[PDB]
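To start, the structure itself, in structure tokens.
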4 protein chains.
Amino acid sequence: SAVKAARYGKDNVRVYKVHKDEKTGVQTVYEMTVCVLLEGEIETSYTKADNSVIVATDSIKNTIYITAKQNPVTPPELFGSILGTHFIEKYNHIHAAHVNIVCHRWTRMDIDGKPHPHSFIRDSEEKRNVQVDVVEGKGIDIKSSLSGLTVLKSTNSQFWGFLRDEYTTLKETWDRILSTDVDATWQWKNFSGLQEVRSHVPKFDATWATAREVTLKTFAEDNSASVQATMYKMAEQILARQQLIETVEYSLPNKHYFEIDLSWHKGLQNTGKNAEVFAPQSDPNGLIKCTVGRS
Amino acid sequence: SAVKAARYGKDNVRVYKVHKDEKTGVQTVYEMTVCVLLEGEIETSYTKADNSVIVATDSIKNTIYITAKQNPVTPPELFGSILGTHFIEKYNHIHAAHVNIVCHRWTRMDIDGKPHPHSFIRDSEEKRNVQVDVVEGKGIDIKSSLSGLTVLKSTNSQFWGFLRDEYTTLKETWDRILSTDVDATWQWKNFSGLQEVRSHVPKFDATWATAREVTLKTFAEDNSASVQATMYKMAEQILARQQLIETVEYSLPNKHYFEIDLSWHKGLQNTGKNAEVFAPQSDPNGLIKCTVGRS
Amino acid sequence: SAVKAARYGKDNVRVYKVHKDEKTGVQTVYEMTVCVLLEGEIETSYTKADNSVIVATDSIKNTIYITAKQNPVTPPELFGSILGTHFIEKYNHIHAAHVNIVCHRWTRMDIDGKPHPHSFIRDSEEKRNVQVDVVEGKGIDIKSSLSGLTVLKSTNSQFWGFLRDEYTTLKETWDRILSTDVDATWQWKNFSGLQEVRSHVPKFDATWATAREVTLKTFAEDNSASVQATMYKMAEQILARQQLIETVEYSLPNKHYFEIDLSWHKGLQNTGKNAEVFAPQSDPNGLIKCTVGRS
Amino acid sequence: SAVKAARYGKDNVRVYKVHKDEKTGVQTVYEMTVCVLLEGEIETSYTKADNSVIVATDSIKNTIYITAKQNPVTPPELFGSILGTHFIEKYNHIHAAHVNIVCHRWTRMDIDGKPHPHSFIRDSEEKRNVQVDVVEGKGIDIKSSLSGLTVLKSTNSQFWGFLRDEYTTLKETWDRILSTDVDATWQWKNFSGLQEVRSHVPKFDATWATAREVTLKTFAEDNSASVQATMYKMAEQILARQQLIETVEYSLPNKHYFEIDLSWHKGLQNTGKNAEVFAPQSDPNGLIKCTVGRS
Ligand SMILES: O=c1[nH]c(=O)c2nn[nH]c2[nH]1
Ligand SMILES: O=c1[nH]c(=O)c2nn[nH]c2[nH]1
Ligand SMILES: O=c1[nH]c(=O)c2nn[nH]c2[nH]1
Ligand SMILES: O=c1[nH]c(=O)c2nn[nH]c2[nH]1
């Protein structure tokens, strides 16, 4: 027996940072959850009880706090690249740093039409995330994403024409609820290192906003032939809007809302064109995935 | 041994209802989770195996769907009163109906500055709830609430002057983060029955909006001496704004964000006036409650 | 406006305690989550910003750790009474202490037929809880409970004879799955104070074990006419077995497992006597409650 | 733009199956949650709105129920291989089926020392899982696992000798609590198809039991130099015990339990050799991973 792969570090490190403008008196808060895992020459810590190779997970935690102290935490793609670069430069035997970041919403409150200088509201469980792999010799791989974006449309969604055989009971439809929690990931072209990540900084926030925007507009406007067909159009657009992205990936649950037949009761009419009252279903759910790259 | 109290029914009934305007083409969706429990002359179902007294929980579920079909589901205080009244009028041996409703956010999407006719976004995990107790002979008791309203302010919160003794380690402060998940309940004056609940319908949505509004403004503007002092001012205002409310109750966790001392590292300065980076704490948390009524 | 009720304290305080026998070398661990809320003369902290009346929630937390250090943490009814008594004796203006405790399972591991001296396994998410209200002048009220005890029987459960009307679609049955998560609470006769709670210590662990035992045996052996009928027999027995209990309360979800009709497929036979494959339902669920006291 | 990868199917399909012995009168229940995703020639459903290529997720759900009806559901490695093989044989354009299965514990109850014929208890949230990839032309890849196995030892764990630098604050120790939730995956040698999976059936249950056994014994007996060192010995043993396994992978959180210093209070002694009372920490946690293969 031998160690084929190994990684270790600190998960679930919650970090909050405040920015205080002295001019405006305006405060901006950033909250995130950070995971850093390291790889490198650390087999002996497993095979020989040699702790001498271990940057302790506690230190990794200390380091996240220190790096957040000395650097901007925004955009997360940058903070993650700084944090991961720190570890492979600092430690000779550490050859890869994987950093994962979840950003939590703290939206400035509007009190009486005006932006409050220092109060915020978690206006959704939507997250913005990054996965940053900083690998000695191979640059910086970044996947950014939004997740937990939950939407529904009450009509303009259809599903007909699908395979029918002796396993099929589903009826074709031309009018249905479509509801999903959107998970969208866009993978950046590999960057050569931190200087190159710094050089693209403005693209991160912007591409995020664009992926959100496009996601929301296509979902609302597409008269959807299927989840498959709708997510492809989203991914197609993000790719067209940002040349530094190599692939867009979507993962979409189909959260079913079933018609409830009420005709057994006083011939009550609640199906088809008469459907007003539905039973949202907790499970099962369709799960539909697509990776879209450049042709 | 004897039955001192008994109640039974259906919990976690998820209900979605769409309203379709033919004029505008505009759709409005309502999603909620409903719980109905009944009391009455049902001891024998427990003591004697006499199922003859049981309106089956499955039927209760059917009834929720039927009532949502025939009536408005909005405001929840009304839907709950209709649903609970239905059971005590329908069944001679059923003397109390308790209805609980959680309303889930489906906010109309804005696509390109304009309200989309049929697409929605779950723009927060904030809930609006009601508890409705419909009791034969005693009218209708209604408690409405908002919960899951998560907010933070980065400054303008203080906590000093508290008792100090040999259990105390906490340092007084004049500048701190205050963060909480707001739970606010307002209890209506007892209503004589459905006609009276119908007669106050416009007050429900409005008092809800007012409780949200006041909650948000006081949190943002109060320079808070304590959570205790801040929630009292909220409750005081809701009571002043709506005469049909007998009591306002608040339940506020204090979600602590700890300073991280970084001076052990290169004399890094991250405490007091220098605090930029904090560790949000998952637990423990202060829990602070207040019921405010009329003097 | 005035303060009608107020309570404040520390929730979600996780506590672990190890007992080390020097004789045997045997270790015993206890893990729990503790909530303490205080009431008393604390209105001014709300109405006047007077923090002088506040035992800080941070201190309450310190105190839980100190009391766990100086006293046994087992049985929880005792630890809770000590902790709550501490607060009303220590502080003149504090007149009620409410202590809630959740005990988490750490079951000694069996390695090769033998009890391991210092390794444990969380062998279930079942909890043992107490609620202790220590009120100046009124003694100590204790409710103990078990919760999260999830069970299923594949047969010997029935449900027929229930009310049928134009809301009913449910078919009577003589053979069904019954599954539930058991919540059982037994309320002790009021105790005059700590000395009296100390005097009954051996009854706490024993009555707990008896409530678990009885719950499990009745569920397995009763050929159940209904959840209602089954839980009453459980409660009836606990009351008979322990004279110091005034009431037993049960709260039982009915977690439905639906037959799946497969006859549309090659006339596959999966209903009634042929039912092998079922669809466990996440929601809705029947919820059934009973409080049983002495006749 | 083009589709680089695509998969779609049904997630969260809950399935229960009862086995009824007529001889013994003994019932055995199996509950699981199943996910099936398909790949193949389905790009057009995304790019062209061509639903003609879609085996509807609803049908996939129907099929899971049908296959559970006609086949054993145990061991999960077999059921998963049957289910995935079904899809690639049934449908010409479907070239890969991925099946994921979570098995939930339903442990036969012991009533009065004897195994009850038809009552069960969810005696832990521990899961047994499989991931089965059935790929046209490439056989059947199976990864089996156990997860959610939560354990603690109060002593016989150490952590000293680790790297120290200006990011380090952690103190070396020779006595600590070690607690983790075990995730252990063993990957089988690729099988040529269903006949070959059928031919190894008895190895599945047995290797599972062995991985559980070894996990528990090593955790309890190893005087652990580090999580790293402890998990390697587990993985080393599983590999030695079962020749059909190519790799064992472990993923172990380190759930920290912090000493609480109580000497500020009446010089109370609760650290080092005196530590009795600890604060279990919800987050952050060390996360430690290892893949072990054959040298
Ligand atoms: O077992 C451990 N391994 C580690 O890598 C580590 N880092 N801090 N504590 C630790 N404990
Ligand atoms: O045991 C039951 N009690 C009930 O009240 C009920 N209603 N539907 N199924 C039921 N089962
Ligand atoms: O607002 C607060 N109220 C309290 O009672 C308290 N106790 N510690 N910190 C606190 N903050
Ligand atoms: O959009 C959909 N795609 C699918 O593949 C499917 N299967 N059932 N319903 C469905 N809806």
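All values below come from the heavy atoms of this structure, side chains included, with hydrogens, waters and symmetry mates left out. Counting starts at 1 for both ligands and their atoms, following the listed order. Below, read A as the first sequence line, B as the second, and so on, with proteins coming before strands; counting in each chain starts at 1.
- Remark: side-chain polar atoms of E39(A) are not paired, donor with acceptor, to backbone N or O of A5(A) under 3.5 angstrom.
- Counting only distance, with no hydrogens or angles, the side chain of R164(C) and the backbone of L170(C) share a donor-acceptor pair below 3.5 Å.
- At a 4.0 Å heavy-atom cut-off, ligand 1 touches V227(D) through backbone and side chain alike.
- For atom 5 (O) of ligand 4, the closest non-hydrogen atom of the protein is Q228(A) NE2, 2.8 Å.
- Ionic pairing of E166(A) and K90(D) is present here: one or more N-O contacts between side-chain nitrogen and carboxylate oxygen are shorter than 4.0 angstrom.
- The heavy atom nearest to atom 11 (N) of ligand 4, considering only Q158(A), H256(A), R176(A), is found in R176(A).
- Heavy-atom proximity to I54(D), at under 4.0 Å, picks out these atoms of ligand 4: 5 (O).
- Within ligand 4, the atoms closer than 4.0 Å to a non-hydrogen atom of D58(D) are 8 (N), numbered from 1 in the order shown.
- When each atom of ligand 2 is checked for a heavy atom of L170(C) under 4.0 Å away, the hits are 8 (N).
- Proximity to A56(B) (heavy-atom distance under 4.0 Å) selects the following atoms of ligand 2: 7 (N), 8 (N).
- No hydrogens or angles considered: nothing links the side chains of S224(A) and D222(A) as a donor-acceptor pair under 3.5 Å.
- Residue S226(D) approaches ligand 1 through these ligand atoms, each under 4.0 Å from one of its heavy atoms: 1 (O).
- Proximity of a side-chain donor or acceptor of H98(D) to a complementary backbone N or O of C35(D) within less than 3.5 Å is not detected.
- With no hydrogens or angles considered, a side-chain donor-acceptor pair links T169(A) and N62(D) at under 3.5 Å.
- Legend: residues meeting side-chain hydrogen bond (donor to acceptor under 3.5 Å, both in side chains) with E259(C), ordered by chain and number and at least two apart, are absent.
- Short contacts between ligand 4 and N254(A), defined as distances under 4.0 Å to a heavy atom of the residue, involve ligand atoms 2 (C), 10 (C), 11 (N).
- For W160(D), the CH2 atom counts as loosely surrounded, since its 6.0 Å shell holds 12 or fewer non-hydrogen atoms of other residues, nucleotides or ligands.
- From the protein, the heavy atom lying nearest to atom 4 (C) of ligand 4 is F159(A) CZ, 3.4 Å.
- When heavy-atom distances to ligand 1 are checked against a 4.0 Å cut-off, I288(D) has no atom that comes that close, whether in backbone or side chain.
- Taking each of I42(D), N51(D), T57(D) in turn, the one with a heavy atom nearest to atom 7 (N) of ligand 4 proves to be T57(D).
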